[PDB]
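Visitor: After the structure tokens below, expect a handful of questions from me.
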Amino acid sequence: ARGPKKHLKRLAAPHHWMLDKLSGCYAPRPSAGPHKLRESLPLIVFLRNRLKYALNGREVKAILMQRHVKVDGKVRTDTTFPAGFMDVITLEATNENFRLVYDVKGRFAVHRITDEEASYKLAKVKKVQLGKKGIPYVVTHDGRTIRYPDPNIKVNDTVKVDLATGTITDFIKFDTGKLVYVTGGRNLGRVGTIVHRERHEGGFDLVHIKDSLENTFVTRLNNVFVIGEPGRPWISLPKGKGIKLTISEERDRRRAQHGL
Amino acid sequence: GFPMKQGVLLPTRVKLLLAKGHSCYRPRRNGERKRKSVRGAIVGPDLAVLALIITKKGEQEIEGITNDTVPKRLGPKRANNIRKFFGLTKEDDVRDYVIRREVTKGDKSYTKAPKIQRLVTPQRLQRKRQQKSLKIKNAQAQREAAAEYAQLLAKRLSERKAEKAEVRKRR
Amino acid sequence: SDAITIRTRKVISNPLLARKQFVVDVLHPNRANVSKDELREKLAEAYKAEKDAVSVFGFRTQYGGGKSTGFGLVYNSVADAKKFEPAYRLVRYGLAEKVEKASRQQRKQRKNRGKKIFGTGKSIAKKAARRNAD
Amino acid sequence: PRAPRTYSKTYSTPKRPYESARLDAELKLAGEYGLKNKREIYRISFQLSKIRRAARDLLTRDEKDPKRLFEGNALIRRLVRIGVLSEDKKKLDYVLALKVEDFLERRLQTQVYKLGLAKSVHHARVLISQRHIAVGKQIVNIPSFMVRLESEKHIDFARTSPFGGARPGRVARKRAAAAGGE
RNA sequence: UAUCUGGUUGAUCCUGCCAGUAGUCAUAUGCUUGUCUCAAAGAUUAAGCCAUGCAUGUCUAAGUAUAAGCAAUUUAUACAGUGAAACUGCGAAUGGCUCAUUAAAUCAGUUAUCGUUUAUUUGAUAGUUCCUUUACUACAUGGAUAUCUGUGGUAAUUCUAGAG
RNA sequence: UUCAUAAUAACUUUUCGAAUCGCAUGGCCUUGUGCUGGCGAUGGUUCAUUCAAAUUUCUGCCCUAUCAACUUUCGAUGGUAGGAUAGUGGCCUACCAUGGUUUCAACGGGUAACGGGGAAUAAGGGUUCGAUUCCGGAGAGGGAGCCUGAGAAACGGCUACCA
Ligand SMILES: [Mg+2]
Ligand SMILES: [Mg+2]
Ligand SMILES: [Mg+2]
Ligand SMILES: [Mg+2]
Ligand SMILES: [Mg+2]
Ligand SMILES: [Mg+2]
Ligand SMILES: [Mg+2]
Ligand SMILES: [Mg+2]
Ligand SMILES: [Mg+2]
Ligand SMILES: [Mg+2]
Ligand SMILES: [Mg+2]
Ligand SMILES: [Mg+2]
Ligand SMILES: [Mg+2]
Ligand SMILES: [Mg+2]
Ligand SMILES: [Mg+2]
Ligand SMILES: [Mg+2]
Ligand SMILES: [Mg+2]
Ligand SMILES: [Mg+2]
Ligand SMILES: [Mg+2]
Ligand SMILES: [Mg+2]
Ligand SMILES: [Mg+2]
Ligand SMILES: [Mg+2]
């Protein structure tokens, strides 16, 4: 295509979007934003589909235009704004806040966060670079170019963003023995207790990660996101804690917790 | 009916490529060149209409050009332009010297006057002050941040020196 | 024994639209489908709201009568309905008239005709009058 | 440009077109079950072939393998819920021997008759097409309906239509109108 | 959904095909034709030709207003309401159609860009424009040009010549 | 890494660093129209981020040997330097060298061949099809040329030839 592409066809949208392959030909393409359109989640899908707050795209545009949704403390009135991973969505109507965390199966499940800890945010550092005039800046997955960080912060780390001003609050250093959260591929949405970091120097560092129930799995570095030290997750996990129970236990707990 | 173009220096009609800036053509789409036919500049017999500007007044009055006068259509709009048009003593509050058009719809007499651009409102000064104050505030904030960062690195460097001294003395 | 039995399910109060949304199930023995406006009245008196500030649609009855399903909303005020509901349902409920529109091909042809001319039509009237005259 | 709505085929025509014994057997099952077209038997044999293929695929692997366990238990649960195979042969291997008659047993007209209401199962078929029978307050004009065991207790007539206490309907009513009038 | 049957000979076994058989999101065609749900559809020969109609235009409280447009009643001395036209900016490079060219070409899986451009979107970011700061508009620098008003040209075209 | 960044020296037919709009119009009283302050909208340098765009490694394409040598005077393979590119690159130019591929099928010819995700078919192994609902690529009669624009060699955009 001679230039950028603007239309996204309904089949091409990622499966985790949970879209209906029926009842429409197209899919809402996320605009340019802080996240990859393969990974993000447009507000249209979040509201019309996940929360069932509005039937039709038009009144979703209406909700957006009245400046009620608040992403990271900002209005973000775009109807297809790509509010990506573990951003915060505030609605002063109902006064309720959510945090976008993948569930155990992988998709963007709704997480009801209370107000006071909805203030801040957690970010994975993607680069640390000395900017112009010798000013060091750190950039995260959100693209939030934070200026003047603590000099001993490095790549692959997690930093606590205020989201009131845009400054660092605290940070956790990446190493072994640390509660981590997985954000890509087969182990999407899992929560782990990293046991090993393994190099293969020159490309695609891997990590061996242990769950809460001693089930180890190995995954690439770029899909890894630290969440706290062992035992105290800095952010409330979604229900299920991403332990990744196998299918037989899904049916066994559905039968055990049976009531209709 | 083919229009003639200035600067052709020819008594004949010629095909020519034209674009914006030139006459004899208007670009519908942005920046599109069109090859169109235009009449040359030398005047012969083959010209149907001559658009002649009369330069100097003549002895014989012509009925419908000179004795009458078409009213000047639209007054100056920019404030400096109005002052220049009226010669208005720059600090003379040109606001009230605009040429009003009182319009009569037939029964109600209403007012209609041009909005003056470039006019020095208190609002413009408000904007200027806003910009200047914000710029200075931001620059000062950045200087403060740089100062704090320098202090932090001095502290950490001292800590690391103390550690290396402890190790050197220990061994 | 008519006894139109209206019941609501899966309702949530959404103040974002200033609304309460729900799915309507209606039990009507020995009777056909149940005339939306009647449902508007019954729901409005049910939630102590005006017959205007309610909007219900999507009534599909199950195969064999008895029960039917639709989808309904109750707005906080009538102005909420005026400002938050697509106008076609306003015409259905009669609050707003059906805006007149010439057939779409008429509009498209007129738009092409407008694109044909550069500027306003005042400049071409007298000029064409003179051209046909002379 | 529109997403494809998938579809499928739901029967399998036999390889041999005119062998006798098979013809007699099909016509038999048609007789005691009142089947309309031979394609019926072909359909049920199609599901049965699907089940045997799945069962063979699962029996291939060792017992207690994860997929074997999960898939087999889900299949036999579906089978007992639909009520074809007994509750005593929950073994994933007895589901090799189905003998297509068994699936036909759970057919709606068949279960109607085996509950009564029918008097020549054929009548039941007609009744099904005459909207007189409901599965627990829900009529079904579908002769097969593949009635499942749990709801079998509630196959009865409808509140609407005759045989279920409603308006007589369109023939006795007009006869009564003609008798009253003349 | 691991299957075969008829034909060489007077007869028998074989190699062998031919024929029979069953599908086909493979079409064509014939004969028929009641209902529900769903739905392919000028690809094969012609990436052959096309009349006609439509298929990309867009303005918010917030870029430009004296439409000699409406509004003019209750907000109205610089205008302020609404809102043609036109200027400005943005998109028109997406979508849709087709499969002619193409045989390590396209493409698929997997890499790299420490080798590059990237409007937009989102984060950040700029004191110095002084140039000898004791003669400079910063309480705001200049001129145009559309729309429009008017005289027109061609047989006709989204043709536009001149003046204000 | 000659990377980021910094610093010194100079250079520039000196790029940018807000002469722009809406709402609200608070506080100080230096009581003047005086000094000042908000929520916004647009622009605006650089670097990030995103949407991409290009090129790119390896491996994988049907039939044909009644196609076995093919490519280099006109670029074929490599070197140096330059030009041109947004940038590597014979991409192109000048001067050199004689190399490059091939019976592990190159080169050539055919394809009623767009490639692929797939469809039909079914003990297992396979055979055939894939114009087309998704992904890429190519084209807008055929070829070439180009302005605008971040993005086109655009075609419901132009220029020229041919039909
Ligand atoms: Mg396209
Ligand atoms: Mg013989
Ligand atoms: Mg014989
Ligand atoms: Mg044959
Ligand atoms: Mg009917
Ligand atoms: Mg064709
Ligand atoms: Mg207005
Ligand atoms: Mg424009
Ligand atoms: Mg073809
Ligand atoms: Mg072809
Ligand atoms: Mg070839
Ligand atoms: Mg450098
Ligand atoms: Mg070089
Ligand atoms: Mg092919
Ligand atoms: Mg194909
Ligand atoms: Mg395509
Ligand atoms: Mg093209
Ligand atoms: Mg054609
Ligand atoms: Mg643009
Ligand atoms: Mg072209
Ligand atoms: Mg096009
Ligand atoms: Mg054009």
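Following the order of the structure tokens, chains are lettered A, B, ..., residues in each are numbered from 1, and ligands are numbered from 1.
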Need the shell around residue 99 (chain C): protein/DNA/RNA residues with any atom at most 10 Å away, counting only C-alpha atoms (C1' of nucleotides). Skip same-chain ones fewer than 2 positions apart. Format as a ChimeraX atom specification?

Guide: /C:87-88,91,96-97,101

Visitor: Just the residues within 7 Å of region 18-25 of chain B, please, counting only C-alpha atoms (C1' of nucleotides), with nothing from its chain fewer than 3 positions along; format it as a PyMOL selection string.

Guide: (chain B and resi 3+5+31-35) or (chain E and resi 160)

Visitor: What residues in chain F have any atom no more than 10 Å from chain B when counting only C-alpha atoms (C1' of nucleotides), and can you write them as a ChimeraX atom specification?

Guide: /F:18-19,25,33,36-37,146-149,157-159

Visitor: Within 8 Å of ligand 19, which residues show up when you count only C-alpha atoms (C1' of nucleotides) and all ligand atoms? List them as a PDB file with N, CA and C atoms (P, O5', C5', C4', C3', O3' and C1' of nucleotides), in the first residue's frame, please.

Guide:
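Output contents, as saved in out-v4.pdb:
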ATOM      1  P     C E  90      -2.045  20.863   5.782  1.00  0.00           P
ATOM      2  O5'   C E  90      -3.190  19.800   6.083  1.00  0.00           O
ATOM      3  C5'   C E  90      -3.366  19.270   7.387  1.00  0.00           C
ATOM      4  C4'   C E  90      -4.527  18.312   7.445  1.00  0.00           C
ATOM      5  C3'   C E  90      -4.582  17.275   6.342  1.00  0.00           C
ATOM      6  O3'   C E  90      -3.718  16.183   6.582  1.00  0.00           O
ATOM      7  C1'   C E  90      -6.723  18.215   6.651  1.00  0.00           C
ATOM      8  P     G E  91      -3.242  15.243   5.373  1.00  0.00           P
ATOM      9  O5'   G E  91      -4.553  14.439   4.962  1.00  0.00           O
ATOM     10  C5'   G E  91      -5.119  13.444   5.800  1.00  0.00           C
ATOM     11  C4'   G E  91      -6.327  12.834   5.139  1.00  0.00           C
ATOM     12  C3'   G E  91      -6.090  12.350   3.719  1.00  0.00           C
ATOM     13  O3'   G E  91      -5.628  11.017   3.680  1.00  0.00           O
ATOM     14  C1'   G E  91      -7.972  13.762   3.752  1.00  0.00           C
ATOM     15  P     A E 119       6.372  12.271  11.560  1.00  0.00           P
ATOM     16  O5'   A E 119       5.565  13.614  11.308  1.00  0.00           O
ATOM     17  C5'   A E 119       5.776  14.392  10.142  1.00  0.00           C
ATOM     18  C4'   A E 119       4.478  14.988   9.675  1.00  0.00           C
ATOM     19  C3'   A E 119       3.447  15.183  10.773  1.00  0.00           C
ATOM     20  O3'   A E 119       3.618  16.410  11.454  1.00  0.00           O
ATOM     21  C1'   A E 119       2.459  14.022   8.980  1.00  0.00           C
TER      22        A E 119
ATOM     23  P     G F 149       4.309  20.569  -1.103  1.00  0.00           P
ATOM     24  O5'   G F 149       3.870  19.365  -0.165  1.00  0.00           O
ATOM     25  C5'   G F 149       2.638  19.399   0.536  1.00  0.00           C
ATOM     26  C4'   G F 149       2.150  18.009   0.837  1.00  0.00           C
ATOM     27  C3'   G F 149       3.159  17.089   1.499  1.00  0.00           C
ATOM     28  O3'   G F 149       3.241  17.281   2.896  1.00  0.00           O
ATOM     29  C1'   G F 149       2.188  15.975  -0.326  1.00  0.00           C
ATOM     30  P     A F 150       4.675  17.419   3.600  1.00  0.00           P
ATOM     31  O5'   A F 150       5.038  15.934   4.037  1.00  0.00           O
ATOM     32  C5'   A F 150       6.333  15.618   4.520  1.00  0.00           C
ATOM     33  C4'   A F 150       6.470  14.142   4.782  1.00  0.00           C
ATOM     34  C3'   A F 150       6.041  13.230   3.647  1.00  0.00           C
ATOM     35  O3'   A F 150       7.078  13.035   2.705  1.00  0.00           O
ATOM     36  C1'   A F 150       5.096  12.476   5.680  1.00  0.00           C
TER      37        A F 150
END

Visitor: Can you work out which residues are within 8 Å of ligand 1, considering only C-alpha atoms (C1' of nucleotides) and all ligand atoms, and then hand them over as a PDB file with N, CA, C and O atoms (P, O5', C5', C4', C3', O3' and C1' of nucleotides), in the first residue's frame?

Guide:
ATOM      1  N   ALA A   1       0.830  -1.196   0.000  1.00  0.00           N
ATOM      2  CA  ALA A   1       0.000   0.000   0.000  1.00  0.00           C
ATOM      3  C   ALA A   1       0.865   1.246   0.000  1.00  0.00           C
ATOM      4  O   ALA A   1       1.780   1.370   0.805  1.00  0.00           O
ATOM      5  N   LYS A   5      -1.862   2.775   6.334  1.00  0.00           N
ATOM      6  CA  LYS A   5      -3.114   2.041   6.251  1.00  0.00           C
ATOM      7  C   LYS A   5      -4.029   2.515   7.368  1.00  0.00           C
ATOM      8  O   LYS A   5      -3.588   2.662   8.511  1.00  0.00           O
TER       9      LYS A   5
ATOM     10  P     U E  94      -3.619   3.636  -0.269  1.00  0.00           P
ATOM     11  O5'   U E  94      -4.734   3.663   0.855  1.00  0.00           O
ATOM     12  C5'   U E  94      -4.367   3.527   2.214  1.00  0.00           C
ATOM     13  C4'   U E  94      -5.571   3.479   3.107  1.00  0.00           C
ATOM     14  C3'   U E  94      -6.639   2.477   2.726  1.00  0.00           C
ATOM     15  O3'   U E  94      -6.334   1.149   3.102  1.00  0.00           O
ATOM     16  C1'   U E  94      -7.656   4.536   3.190  1.00  0.00           C
ATOM     17  P     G E  95      -6.773  -0.067   2.149  1.00  0.00           P
ATOM     18  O5'   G E  95      -8.343   0.125   1.986  1.00  0.00           O
ATOM     19  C5'   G E  95      -9.218  -0.038   3.089  1.00  0.00           C
ATOM     20  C4'   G E  95     -10.621   0.371   2.730  1.00  0.00           C
ATOM     21  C3'   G E  95     -11.267  -0.460   1.640  1.00  0.00           C
ATOM     22  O3'   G E  95     -11.861  -1.631   2.165  1.00  0.00           O
ATOM     23  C1'   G E  95     -11.546   1.837   1.149  1.00  0.00           C
TER      24        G E  95
END

Visitor: Taking only C-alpha atoms (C1' of nucleotides) into account, produce a table as a Markdown table in which each residue of chain B with an atom at most 7 Å from an atom of chain E appears once, together with its shortest atom pair and the distance in Å to one decimal, ordered by chain and rising number.

Guide:
| residue | atom | partner | partner_atom | distance |
| --- | --- | --- | --- | --- |
| B:1 | CA | E:154 | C1' | 3.9 |
| B:2 | CA | E:154 | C1' | 6.9 |
| B:3 | CA | E:161 | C1' | 5.9 |
| B:24 | CA | E:160 | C1' | 7.0 |
| B:49 | CA | E:153 | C1' | 6.4 |
| B:51 | CA | E:162 | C1' | 5.5 |
| B:72 | CA | E:164 | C1' | 6.7 |
| B:73 | CA | E:164 | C1' | 6.7 |
| B:95 | CA | E:78 | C1' | 5.5 |
| B:96 | CA | E:78 | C1' | 6.9 |
| B:112 | CA | E:66 | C1' | 6.0 |
| B:113 | CA | E:66 | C1' | 5.7 |
| B:114 | CA | E:66 | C1' | 5.6 |
| B:115 | CA | E:79 | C1' | 4.2 |
| B:116 | CA | E:78 | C1' | 6.2 |
| B:118 | CA | E:140 | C1' | 6.7 |
| B:120 | CA | E:139 | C1' | 6.4 |
| B:136 | CA | E:127 | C1' | 6.6 |
| B:139 | CA | E:127 | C1' | 6.7 |

Visitor: Apply DSSP to the backbone of this structure and, from chain B, keep only the residues in strand (DSSP E); write these as a PyMOL selection string.

Guide: chain B and resi 13-18+34-39+101-104+109-112

Visitor: How would the residues just chosen look if you wrote them out with N, CA and C atoms as a JSON list (two decimals), in the first residue's frame?

Guide:
[["chain", "number", "residue", "atom", "x", "y", "z"],
["B", 13, "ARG", "N", -1.76, 31.94, -31.26],
["B", 13, "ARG", "CA", -2.16, 31.17, -30.09],
["B", 13, "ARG", "C", -1.25, 29.95, -29.95],
["B", 14, "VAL", "N", -0.90, 29.63, -28.71],
["B", 14, "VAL", "CA", 0.09, 28.60, -28.44],
["B", 14, "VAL", "C", -0.37, 27.75, -27.26],
["B", 15, "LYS", "N", -0.12, 26.45, -27.36],
["B", 15, "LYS", "CA", -0.32, 25.53, -26.25],
["B", 15, "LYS", "C", 0.84, 25.66, -25.26],
["B", 16, "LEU", "N", 0.51, 25.68, -23.97],
["B", 16, "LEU", "CA", 1.50, 25.94, -22.95],
["B", 16, "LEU", "C", 1.12, 25.23, -21.66],
["B", 17, "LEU", "N", 2.13, 24.85, -20.88],
["B", 17, "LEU", "CA", 1.92, 24.19, -19.60],
["B", 17, "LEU", "C", 1.91, 25.24, -18.49],
["B", 18, "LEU", "N", 0.87, 25.20, -17.66],
["B", 18, "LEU", "CA", 0.67, 26.21, -16.63],
["B", 18, "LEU", "C", 0.36, 25.54, -15.30],
["B", 34, "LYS", "N", -1.42, 21.88, -15.75],
["B", 34, "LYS", "CA", -2.32, 21.59, -16.85],
["B", 34, "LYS", "C", -1.78, 22.23, -18.12],
["B", 35, "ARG", "N", -1.86, 21.50, -19.22],
["B", 35, "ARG", "CA", -1.42, 22.02, -20.50],
["B", 35, "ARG", "C", -2.64, 22.58, -21.22],
["B", 36, "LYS", "N", -2.69, 23.90, -21.36],
["B", 36, "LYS", "CA", -3.84, 24.59, -21.92],
["B", 36, "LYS", "C", -3.37, 25.58, -22.98],
["B", 37, "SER", "N", -4.30, 25.98, -23.84],
["B", 37, "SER", "CA", -3.98, 26.88, -24.94],
["B", 37, "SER", "C", -4.25, 28.32, -24.54],
["B", 38, "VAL", "N", -3.31, 29.20, -24.88],
["B", 38, "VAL", "CA", -3.42, 30.61, -24.55],
["B", 38, "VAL", "C", -2.99, 31.45, -25.74],
["B", 39, "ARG", "N", -3.65, 32.60, -25.90],
["B", 39, "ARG", "CA", -3.33, 33.52, -26.98],
["B", 39, "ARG", "C", -2.06, 34.30, -26.66],
["B", 101, "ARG", "N", -21.90, 50.01, 8.45],
["B", 101, "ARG", "CA", -22.97, 49.77, 7.48],
["B", 101, "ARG", "C", -24.24, 49.54, 8.28],
["B", 102, "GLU", "N", -25.05, 50.58, 8.40],
["B", 102, "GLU", "CA", -26.41, 50.41, 8.89],
["B", 102, "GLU", "C", -27.26, 49.83, 7.78],
["B", 103, "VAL", "N", -27.82, 48.65, 8.01],
["B", 103, "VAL", "CA", -28.59, 47.95, 7.00],
["B", 103, "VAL", "C", -30.06, 48.01, 7.38],
["B", 104, "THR", "N", -30.91, 48.22, 6.38],
["B", 104, "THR", "CA", -32.35, 48.26, 6.57],
["B", 104, "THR", "C", -32.95, 47.03, 5.90],
["B", 109, "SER", "N", -34.01, 48.51, 11.39],
["B", 109, "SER", "CA", -32.71, 49.10, 11.10],
["B", 109, "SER", "C", -31.69, 48.45, 12.01],
["B", 110, "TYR", "N", -30.75, 47.72, 11.43],
["B", 110, "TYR", "CA", -29.75, 47.00, 12.19],
["B", 110, "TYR", "C", -28.36, 47.49, 11.82],
["B", 111, "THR", "N", -27.38, 47.14, 12.65],
["B", 111, "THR", "CA", -26.01, 47.56, 12.45],
["B", 111, "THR", "C", -25.18, 46.41, 11.89],
["B", 112, "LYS", "N", -24.14, 46.75, 11.14],
["B", 112, "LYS", "CA", -23.23, 45.74, 10.61],
["B", 112, "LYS", "C", -21.91, 46.42, 10.29]]

Visitor: As a ChimeraX atom specification, please: every protein or nucleic acid residue near ligand 2 (cut-off 12 Å, counting only C-alpha atoms (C1' of nucleotides) and all ligand atoms).

Guide: /E:8-9,14-16

Visitor: How would you report the residues lying within 9 Å of ligand 12, as a list in words, if you count only C-alpha atoms (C1' of nucleotides) and all ligand atoms?

Guide: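 Checked against 9 Å with only C-alpha atoms (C1' of nucleotides) and all ligand atoms; the hits are residues 2, 3, 4 and 5 of chain F.
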
Visitor: Write a file of the just-selected residues containing N, CA, C and O atoms (P, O5', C5', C4', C3', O3' and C1' of nucleotides), as a PDB file, in the first residue's frame.

Guide:
ATOM      1  P     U F   2      34.526   4.131  19.088  1.00  0.00           P
ATOM      2  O5'   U F   2      34.228   5.602  18.556  1.00  0.00           O
ATOM      3  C5'   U F   2      32.903   6.120  18.563  1.00  0.00           C
ATOM      4  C4'   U F   2      32.670   7.107  17.446  1.00  0.00           C
ATOM      5  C3'   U F   2      31.527   6.744  16.506  1.00  0.00           C
ATOM      6  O3'   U F   2      30.841   7.919  16.092  1.00  0.00           O
ATOM      7  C1'   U F   2      33.533   6.934  15.275  1.00  0.00           C
ATOM      8  P     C F   3      29.518   8.380  16.873  1.00  0.00           P
ATOM      9  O5'   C F   3      28.357   7.442  16.308  1.00  0.00           O
ATOM     10  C5'   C F   3      28.252   6.078  16.699  1.00  0.00           C
ATOM     11  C4'   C F   3      27.068   5.845  17.596  1.00  0.00           C
ATOM     12  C3'   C F   3      26.661   7.029  18.451  1.00  0.00           C
ATOM     13  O3'   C F   3      25.818   7.919  17.744  1.00  0.00           O
ATOM     14  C1'   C F   3      26.802   5.092  19.800  1.00  0.00           C
ATOM     15  P     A F   4      25.783   9.480  18.111  1.00  0.00           P
ATOM     16  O5'   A F   4      25.031   9.520  19.509  1.00  0.00           O
ATOM     17  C5'   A F   4      23.678   9.111  19.612  1.00  0.00           C
ATOM     18  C4'   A F   4      23.204   9.199  21.036  1.00  0.00           C
ATOM     19  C3'   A F   4      23.491  10.517  21.727  1.00  0.00           C
ATOM     20  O3'   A F   4      22.515  11.498  21.441  1.00  0.00           O
ATOM     21  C1'   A F   4      24.165   8.735  23.117  1.00  0.00           C
ATOM     22  P     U F   5      22.956  12.907  20.818  1.00  0.00           P
ATOM     23  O5'   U F   5      23.618  13.665  22.048  1.00  0.00           O
ATOM     24  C5'   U F   5      22.943  13.734  23.291  1.00  0.00           C
ATOM     25  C4'   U F   5      23.912  13.893  24.428  1.00  0.00           C
ATOM     26  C3'   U F   5      24.975  14.953  24.240  1.00  0.00           C
ATOM     27  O3'   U F   5      24.484  16.253  24.501  1.00  0.00           O
ATOM     28  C1'   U F   5      25.964  12.981  25.078  1.00  0.00           C
TER      29        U F   5
END

Visitor: Could you write out, as a PyMOL selection string, all the residues of chain C that DSSP marks as alpha helix (DSSP H)?

Guide: chain C and resi 36-46+78-84+87-93+104-116+122-133

Visitor: Produce as a list in words the set of residues near ligand 17, where near means within 12 Å with only C-alpha atoms (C1' of nucleotides) and all ligand atoms considered.

Guide: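 Those within range of ligand 17 are residues 1, 2 and 3 of chain A; 93 of chain E; 137, 138, 139, 140, 152, 153, 154 and 155 of chain F.
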
Visitor: Just to be explicit: take each residue in the selection above, keep C-alpha atoms (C1' of nucleotides), and write the result as a PDB file, in the first residue's frame.

Guide:
ATOM      1  CA  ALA A   1       0.000   0.000   0.000  1.00  0.00           C
ATOM      2  CA  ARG A   2       1.367   3.387  -1.065  1.00  0.00           C
ATOM      3  CA  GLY A   3       1.416   4.979   2.355  1.00  0.00           C
TER       4      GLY A   3
ATOM      5  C1'   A E  93      -1.743   7.503  -0.958  1.00  0.00           C
TER       6        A E  93
ATOM      7  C1'   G F 137       2.211  -8.151  -4.014  1.00  0.00           C
ATOM      8  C1'   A F 138       1.060  -6.086  -8.494  1.00  0.00           C
ATOM      9  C1'   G F 139      -2.423  -2.737 -11.989  1.00  0.00           C
ATOM     10  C1'   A F 140      -6.068   0.946 -13.238  1.00  0.00           C
ATOM     11  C1'   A F 152       2.054   8.243  -5.084  1.00  0.00           C
ATOM     12  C1'   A F 153       5.902   7.219 -10.012  1.00  0.00           C
ATOM     13  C1'   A F 154      -1.287   8.051  -7.769  1.00  0.00           C
ATOM     14  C1'   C F 155      -4.440   7.232 -12.165  1.00  0.00           C
TER      15        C F 155
END

Visitor: Write down, as a list in words, each residue of chain A that has any atom within 9 Å of an atom of chain C, counting only C-alpha atoms.

Guide: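 Using only C-alpha atoms, chain A residues at most 9 Å from chain C: residues 53, 54, 58, 59, 62, 63, 66, 68, 91, 93 and 94 of chain A.
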
Visitor: Restricting it to C-alpha atoms, dump the selection as an mmCIF file, in the first residue's frame.

Guide:
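To be explicit, this is the file written out as selection-v5.cif:
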data_model
loop_
_atom_site.group_PDB
_atom_site.id
_atom_site.type_symbol
_atom_site.label_atom_id
_atom_site.label_comp_id
_atom_site.auth_asym_id
_atom_site.auth_seq_id
_atom_site.Cartn_x
_atom_site.Cartn_y
_atom_site.Cartn_z
ATOM 1 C CA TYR A 53 -22.144 0.379 28.906
ATOM 2 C CA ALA A 54 -23.276 1.541 25.464
ATOM 3 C CA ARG A 58 -22.511 6.555 18.336
ATOM 4 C CA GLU A 59 -23.348 6.823 22.020
ATOM 5 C CA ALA A 62 -21.097 10.514 23.014
ATOM 6 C CA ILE A 63 -19.633 9.215 26.276
ATOM 7 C CA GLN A 66 -18.508 14.447 27.306
ATOM 8 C CA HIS A 68 -15.977 11.299 31.377
ATOM 9 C CA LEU A 91 -15.309 7.470 35.369
ATOM 10 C CA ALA A 93 -19.907 9.031 36.839
ATOM 11 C CA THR A 94 -20.197 5.966 39.086
#

Visitor: Please return, as an NGL selection string, all residues of chain D lying within 10 Å of chain C when only C-alpha atoms are considered.

Guide: :D and (131 or 134 or 137-141 or 158-160 or 166-167)

Visitor: Pick out the residues sitting within 10 Å of region 63-74 of chain F, and hand them over as an MDAnalysis selection string; count only C-alpha atoms (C1' of nucleotides), and ignore anything fewer than 3 positions along from it in its own chain.

Guide: chainID F and resid 77 98:103 105:111

Visitor: Could you tell me how far CA of residue 34 (chain A) lies from CA of residue 111 (chain A), in Å and to one decimal?

Guide: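 Going from CA of residue 34 (chain A) over to CA of residue 111 (chain A) covers 20.3 Å.
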